[PDB]
Each structure stands twice: as structure tokens, then as C-alpha cells.
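Notes to accompany the following structure.
Should a chain be cited, it is by its letter among A, B, C, D, E and F, assigned in written order, with residues numbered from 1 in that chain.
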Amino acid sequence: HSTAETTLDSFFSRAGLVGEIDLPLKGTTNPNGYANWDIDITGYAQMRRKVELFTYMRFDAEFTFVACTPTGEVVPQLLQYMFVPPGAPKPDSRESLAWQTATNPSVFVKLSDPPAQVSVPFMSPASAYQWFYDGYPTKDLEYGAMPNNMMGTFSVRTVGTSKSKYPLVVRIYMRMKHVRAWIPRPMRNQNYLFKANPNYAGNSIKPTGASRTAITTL
Amino acid sequence: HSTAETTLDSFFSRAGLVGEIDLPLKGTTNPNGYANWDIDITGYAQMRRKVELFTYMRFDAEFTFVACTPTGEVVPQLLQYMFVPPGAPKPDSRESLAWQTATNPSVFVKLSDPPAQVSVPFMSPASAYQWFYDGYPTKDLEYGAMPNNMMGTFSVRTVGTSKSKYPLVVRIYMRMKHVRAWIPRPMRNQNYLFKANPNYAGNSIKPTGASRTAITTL
Amino acid sequence: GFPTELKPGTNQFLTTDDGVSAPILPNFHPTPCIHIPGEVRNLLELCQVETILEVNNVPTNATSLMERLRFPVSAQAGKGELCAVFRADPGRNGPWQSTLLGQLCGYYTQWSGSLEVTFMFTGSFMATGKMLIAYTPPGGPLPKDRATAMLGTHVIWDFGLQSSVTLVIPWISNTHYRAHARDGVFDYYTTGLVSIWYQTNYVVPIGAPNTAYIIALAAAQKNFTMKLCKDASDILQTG
Amino acid sequence: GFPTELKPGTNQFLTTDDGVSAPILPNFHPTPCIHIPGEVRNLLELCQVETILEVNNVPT
Amino acid sequence: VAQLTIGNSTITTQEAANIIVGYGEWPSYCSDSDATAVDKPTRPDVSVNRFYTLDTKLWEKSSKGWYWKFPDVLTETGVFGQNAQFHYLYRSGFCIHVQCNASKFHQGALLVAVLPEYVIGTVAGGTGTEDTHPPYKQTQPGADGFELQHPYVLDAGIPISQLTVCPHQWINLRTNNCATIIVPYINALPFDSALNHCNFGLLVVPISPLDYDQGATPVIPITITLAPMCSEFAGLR
Amino acid sequence: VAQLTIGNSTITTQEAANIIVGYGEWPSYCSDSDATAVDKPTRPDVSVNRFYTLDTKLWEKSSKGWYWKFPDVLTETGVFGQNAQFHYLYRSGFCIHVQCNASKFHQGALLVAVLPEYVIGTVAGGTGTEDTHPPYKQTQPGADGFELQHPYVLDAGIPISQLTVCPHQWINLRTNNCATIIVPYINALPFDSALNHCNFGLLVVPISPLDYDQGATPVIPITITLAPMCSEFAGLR
């Protein structure tokens, strides 16, 4: 008789893996002991199609940082997770004064301490985030870009002046909370090609679902 | 004067050892740093006969994960316990996207942290689990199979992309709670042969209990 | 201080624990919400909205995809012929896959309730005739002929009199658990069948087309529900 | 914060501790129980039911 | 002594011994606010609910015991079996009346019980290494019922000495010749498949073996008469 | 049947089929306690709010479908387009009336829907490896509207079979020839740029293809008439 599992909050609950920061010792990848992850809810594969069932959405997010080495080993390392809110300058070096700017909330935590966790509010200057924007921000390459959807950035790094003794990995999990949505729309039925637009492979336009031999044979 | 110890809840309380997952470094056994344990309350030897005193039962379960090395040593290793609910696809590899599917609740914990513990609800689509089903699901090999008794599966694994530096063991304990039962039946008096049916060794049919020389001699 | 004992579960991170965490920007005041028309609060609302049922899920040719949205009835057909047939299986592969209802069932594991399918005849105004739409409950097998189909639940639809007609699937329940290959699914078995038969032949006067199409719309009824969230899709965000 | 002192027993796992633990599926709503005849609530009920006493426990 | 009738069926029986109401519950119907309220479940009255008297079994000194499965026992039999097959869902209760006919010079005692979900087991090849499974003839024996091969363990690894924990009644020839048991619909679902699931078994086993002296009729007749109570069917086919 | 007038514009139409009020909300104004209460937003009445009837489209057997963008569709058209361009901010609702003219011997069915934020997508070079972007002629097509190239996915990777989840109405020639939809102002802000942001699209697609016999007029006219409701403009230039 109950219907709680079909509420928007239920449909969008749970903490999913949205980001993975690699901090290798030797390597081509993130060579400066730091990394800048712009917040992307699309990080969880499955999310894009789900949020896109609606046109406008509003919500908060709880971020959880699970860090360890690539073998899942736990080591005595101090880390810094800095949230640089939209409009703020991200660090460009392991020695950027941004890491020290007070207005960028930072959490300092040990890899041994349990996962760090914080809450990020609805950041948009608009009344709601919107996955679709039929327009251009004051043929073009700016079509469909709603910028007022920036949630901020998380700058990760080991603490200290000298490189860390250990190879690390920080997994970022995000739980959406206090969800509200408007204007439902048809559910994506063609594979995605680009993060920013609805472009679809015009050669490979597949039917929404499975087919059969004849309409009279089950 | 009291009778609390003979209540069904009392009779079925306590956390018993129902599963043991082995995650060896070198070995034939679970060679992929992961394991899938379908929930089986029968894991505790003694349980089968007890629950089978009744025909229908209903209950919740608290699962506790006690992990260490085969010497009981504690090591700096991060683990993932993923519960894939009935109807969901289990992981087939250490890199299955299942490990990342949000709808499979996962608990991330350190071997150093105290045992992990979670609660699993009554999962059946039926009003109660039932140990006996005289029928076939829509001579045969499907006789007596009540599928609607699946509680789910626990997929265990060390975290990370690279194999763990340590040899591990995860013991799964289960405590039944909020127990209800119906239709009592004779208590098993012949040894069990197969997990799924009541088959008994027809050659070795033993008397229910002990015997004596004559009915007139104590 | 105050005496405490940490209990098992201490320090764990459960992806589904819905606790509370420290706010990053305590002084920040999010822009206020205004009123936006069309808020949805429960997916079941969408489930009750009729969408096109691709009963004719046959052509795959890219330029013919639009044809799946409609099936035909024609003069050529003789009284009694089976026109089309499909099962009431929202969550399984097939025609319902085109419906928003079917798509949403894909985000859940179990469900049940009544369904509704509306058939819209889009032929000429001058065209007339009768079709027999029949529902064969689960277990029951597709009727050998119109005659026997008539013995069951059915509707004689005169597209001369009314242009639309709605059939109600009394009940479907995707609850019976299965463990086939090695992958455990929660499948129906409650496949009731909807069969459409020509009761009369398609009648038309001179100047009217000899082929017309029927569009099928479907949705779940108000007593419909879904359980066990299950994120699954082939369409995922790209690299 | 609020002053606390962890006491002995902290972190232990007692197989018979009947505490409460985090729910894995917080939104899941278990199918409701219906009425099934013959519910038993205390084993003593069964103890009071006569069963056959093999007084003649001799032949094997 | 007096004879009762339901429809066209009339059985002669004794005023009223003690009836046993399985689990203290009378078979009742299933109300409107149920899972299938769209497909109104027709509740047969007329002929469907009446006295069905099955082929009498002959009790012998050697007899090990018999059992029948419900609703299987009637799914072949007449107008009830009619509904049982061409209907998608079913629920129902039963009045079971087991009667003997023996002289005051015969002796013995039968235990008559009802066991819900009476799953049968096989000997498993003797050594118990064979995961053999009971045949369909054993699992769902029809109206002729089936004979137990190993009563002591009820052909299922359980002590018949404890079968009295189930709705039961004794037929001790020196004191009574009939037993009556009322079974309510017992299952984990309100409705279920009449042909695939047997909600319960009817067991009638000799605990004190049949005996008589040479010259007395050597086989005693056990006659099962049964009537459905508050039966419901749904989804016609 | 009766003809209505707003200003100097008069259309002949049928008494009153069923109108569809998008999301159950009537287009309303925006009250004083708003972000821009200093620059009082003038609410055009006179001529601005009246019947604009656009160039009729010809429905063919081959026709894939058409769409128009709002407010873009009128920003070129007359005195509304006047305000739409020389005003910094805009908000407005719309009455949309799509009508056909066909004989009782023609047949077909159009689906008429309104989709807020109808972002168009490109084929992406066929192989889908080209991150091409829709032209301005496709994104904001004017009063002539634009023709769909791949209706099945609404030229945007989404199932038209599910377009009914949006405010819509069917035009089935054998039963009706007109559809009417009322759209309230739908956006994440109270006011926005009339020339840069198209709040919604008007889709009219044949689901059951046009058909008729040889000799009947081969192209059926789809005539879109639309009237602004509760429009507001701010910041003159």
C-alpha cells in the first residue's frame, strides 16, 4: 500500500561515487601532489539520465572522502580537502596562496581518521539548477550552456611542503538531499556523446527498445 | 515462575557465525580478491533444524563482519561490504560496475575499525519466508523450491585496484530479530543430506532416539 | 566526562546512511526557491501518464522507427483475422519499453497494480468497422480464434461509433523471484495478454484509404506501485 | 563539543548484545504480514502438546 | 445417527463426534480490500461446495499408511476440479471426514492428521549420496492418494511420533470409527496456484496395527469424504 | 461555431473544444515585491496581446514534423517583436491554437505538445565523434518554424513516444481539427532575455501519417494562431 520508495527523495538518495583523485608518487598523472575536481554530479554514470527526467532541480549534497593507497592500505598521511566555491580562483600549484585563503573552507584530516564528510548547499544564483537551457548566455558553441549550475570545486592534496611518502587515492562520494524537481521530460533513449549537450549519433539511431519478428507473434 | 527464555525471540536470538570469506594472497580459493556470499541462515549448523520446527517465519537480521588475517592479526586494510539485494546482478570481477552501483548499499570500513554492522529487513515478496513448499514454481528437480526466500547477497572485497598486501578472512555473524513463526511440525530426526530438500538416507533410517534391551528393564 | 562505549559500526561509512554532516558554508544563504510550474513529487505521477506503446515494435530500419508508434488495420484483412497481440509486461523488454512507465519500472525491482491501454483509431471519418480487443489473464494462452477470444474478457470496438477505447489490465505483479543462468532476476509470469482481432472487415466508401492506423497509449492505474530501487541502464555518461 | 570518556567494553563485539544497527535499505518497505493460522509464540505451547512416548524403545 | 445433505450429495453419519478445527480457525473468505479487487474472485456455492467421497482404501495388517494432497486430491474430481484447472488463482478450506467400518472383533488405531506444506523426500539412493527427487506420482497422487514407504519418518525425515503437533484425531476401532477435521486456508499468500502448490497433506497412518482373528473380514475400509469450505477462484481460462 | 476578437484581430473558431492548461497553471503576472520593483515592468495590453496567425504549414504524407521556439517565434513579428527586442527583460504566457482543414476523406493524427527548454542536438557527424552544434537557423527558426529531421528522437536523443508527458493535445482528423494549449511562464528566474533564451518549444508531429486517395487535396494546412497572455517587459532601449 505504501509509496515512499517512488518519491523524488527516495529516487535520488544514496551516496554514489562521483570522483576519484589519483595522487601517484612517480607519474604523468597529477604530478604536483594536488588535484582540482570541479563538482560533477554526473560522476556517477547512472545519474545523468535520472536527473534529466526533469528540467529544473534543486538540492543539497553531502560529500564523503574515502582515501587510501591503491591497495586499499591505510597510511599515516594528513590530507587537505579545500572547497573553492564558484567564483573563487582554484590553486594552480602546490604552493598557491589559494590553499591558504580562509574563504575556501578546508577540512584537514588523516587517512587513518574515518572518511571526511561535509554538506554543500544549493549554490546557484538562480532559483534552481536546470539541465536544459535552450539559448545562449549573453550557429554557436555556447548553445545550451547554463553556467549558473556551478556547485564549486574540491582541491585535494597531501599536506606539507615535501611530497608524500605514499601513493594515494581519494574517492569522492556524493549524496543528494532535499530534492525538488520540475517539468518532467522524455527519458534519454539514445546514448550520450558529450557531457555538455544532447547530441546523438545520427548514423546509429536505435529504436527505444527491443524488437520482434511480427506484431502478431509473441 | 518466568517464561521469557522459551519465547520465539529468545529461542532464535544471538548472533551466530553464518559465513566465512577467505581472501588469500596465493591460492586456488577466491583468486580475485573478492567473494560473493549469498545470505544463508543455515550457515550456523544448528539453525536449520530449529527454524524447521515451523513452516512459516518472518524476521530481520543484524549482520556483523569480523575481519582479520588467518592468525587473527590486525592490519591496515580497507574493505568493502556490498549488499546486492535480491534481483540485482552480483559482481563477476574485481572490476565489475556492480561494485559502483548506488542501489547496492555498501559499507566501507577498516580492518582496524571495530566490526561493521548493519540491519537487513524482511525481503520476501511473500508475507513470510517458508522452509517448506509442497509444489513446483510455475518427477521434477524444482520440487520444494521457494525462491521468494532470497535475502540478498554480500559481496566482500579489499578496496583498491591492486591486490591487498595482506591475506584476509571475513567472518559473517547474523542475529535474527523480530521473529514470528507459524504451523509447527515434527522436529527433524534423520540426518540432512542436501541443503534444498528433506531427502533422508533410506538405508540408514535410525530410530528417533536411544534404545534399550527390554521394555521392562530400566 | 560522560561515560560512553563505542559500538560496532563505529567509524563505518554506509553509502545509504542518511545522517547529518557539517555545513561547509555556514553563513551562506541559498537564493530562495520561487514557484516553478509542474513540480513532480512522486514518480508514480509520471507512471499514470499515458505514453505511446510500441505494440508494433518490429521495424528497426532507422527511417522507419516512427512506424513502431502505430499499427495498421486494412480492407485486405478478413473478418476474424488476428490483428496484433502483446503482453502486459511493463518492466520487461518489448513494447512497454517505449512507455515512460516501462522505463521507470527499470529503476525498480518489484511492482504491481492495474494498467490501462487506450487505443486510438486514426483512420478516415468515413471508415467504419468492428474490432474485438481481448484480455487473457496470466496462464491463459492466446485464443485460437476470434470465437474463443470472445468467450473471455473482451470489448467489441466499433471505430465507426467511437474513435478511442480503453482496456483495463486488472492486475500485473512482477514479484516472483527467479535464479536462471547465474544472474538472479525478479520476473513476472503474470503476463496477461492483449489480443486484437478483426470482428468485421474494414469498411470504406469510394475515396477513403484502405489502410488506417491505431495508436496505443498506456499507463499504470492509481493502484500501481514499485519497490526496491535498482539503478540500471545502458545509457550512461560518456568518458 | 560534549565531554565523554570511553569505558571498557568500548569497541567489543558481544554475540549476545541486542543493540541496534544501521539499516541497509532505509526506504525499503517490507511486504506486510497477513494473518497465517497457527502462530506459535512460546515453545512452552508445544511442550504441552502430547506426542507419542516410545516406551517400547527396543527394536532398532 | 442422522444423514446430512449438501446439494445432491447425501452421506449417512453419526450425530456429531468431536470435530477438530485446525488451529482454532474456521475457513473464511477473503475481503474486497485485497490484492485482486479488480478481478472479483467468484466464490462457488451451488455444486462446487458439496460432499466428495473418494475411493475407499483397504486397511490391512501390512498397511503402512496413506496420504493425500490438497487441493490436488480434487483437481481431477468433478466440478471442483473444473474450477481448479481453468482458474488462475485459488484459496479454500476443507471439511475432512475419515470413516472406518469394522466389527467389534476387529482392532487397531489410525492417526489422522493434516500437515501444511507436506514436502516429500526420497531415500536418496539408499546411501544418501544420490540427490534424487520424488516423482510427480508421489508428490501429487490424485484421489487415490499414496502409500507411505517409511511411516516412521513420514517419508520425509521427520518423526511421526510428533505428528500430533498438527491438527489431528485418532480413530481407535474399539471406541470410534470416524474422525473429522476442519482445515482453514493456510499459506503465506492470500491466493495461489491450485495445480502447482499443494497447501497441505492428509495423513492417515496405523499406529496400532489392524488385527482380527481368522475368519473376520481381513481388510477394513477407510473412506474419505471431504467438502470444500469457502472456496474462491480468480482469473478464468 | 463563433468568431472571437482581440483588438483588430478576429479569428473564426468552434465554440470551445477542450483547452489544455499546461501544468494546471494559468499565465499570471509578477507582483511588486520582486527583484526589479524600481524599474516598474510595463505590462502591454492594447495591441501587444492579440491574435497572431503564422504562415500555414503544409502537411504531407512525407512530413516528419515541425517545431517553433517561444518567444523567438514572435520576436520578428510585429508590435510584440517590437517590445521583445528593445526591452532588457521579458516574461509571458501564451494561448496556442493549432488548426487543420481537411475533408472527411483525409486521415491522420498530429501530436501537439509544449516542451520547456527544448534544446536541439546534432547528429554529431554521423559517427558521433564530431562535437557539432546546432545552427542558429535550427535553434531559433523564427515564425516559419523548423522541420524535424529525426522525429523519433525529437532531434535531441529523447523518445517522442514519451512526449505526452508534456502539455499536449491530439489532432486526429477523424474526430477533431484543432488543439488548444495554454502555457504559463516557465523558467528558473522571474524574468529573462527574450532574444537569447527560448523558454519552450511547440512541437506538432504526425504520429499517424497523412493519407487520402488520389484526387483529394494532397497537402493539408496546419495553421498556428497564438496570443500572448500576461506579458511583461522591463528596461527599454
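Here is the rule we go by: contacts are C-beta pairs under 8 Å (C-beta built on N, C-alpha and C of every residue); 3 or more make two chains touch, one makes a residue touch a chain.
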item	value
Intersection of the contact lists for chain D and chain F	A, C
Between B-E and D-E, the pair joined by more C-beta contacts	B-E
Distance between the centres, which are taken as Cα means, of chain D and chain B, whole angstrom	15
Between chain E and chain F, centroid-to-centroid distance (C-alpha), Å	71
Interchain centroid distance [CA atoms averaged], chain A/chain E, Å	64
Gap in Å, rounded to a whole number, between the CA centres of chain E and chain C	43
Touching two or more other chains - residues of chain C	6-16, 18, 34, 36-38, 46, 54, 65, 98, 100, 103, 227-229, 231-232
Multi-partner residues of chain A (at least 2 other chains)	1-2, 5, 10, 13-16, 45-46, 56, 66, 114-115, 126-128, 183-184, 186-194, 205, 207-208
Where chain F touches two or more other chains, by residue	23, 152, 159-162, 165, 186, 188-189
Inter-chain touch pairs (all)	A-B, A-C, A-D, A-F, B-C, B-D, B-E, C-D, C-E, C-F, D-E
Residue ranges of chain F touching chain A (in the complex, touch as defined)	23, 69, 115-128, 131-137, 139, 150, 152-154, 156-163, 165-166, 186, 188-189, 193, 196-201
Chain C partner contacts - residues on chain A that touch it in the complex	1-3, 5-8, 10-11, 13-16, 42-43, 45-50, 53-54, 56, 58, 62, 64, 66, 83, 85, 105, 114-115, 117-128, 173, 175, 177, 180-184, 186-195, 205-218
Chain F-facing residues of chain A, complex	55-56, 126-130, 132-141, 143-144, 183-194, 197-205, 207-208
In the complex with chain A, residue positions of chain D that touch it	26-29, 32
Residue ranges of chain C touching chain B (in the complex, touch as defined)	6-16, 109-110, 175-179, 183-186, 189, 228-232
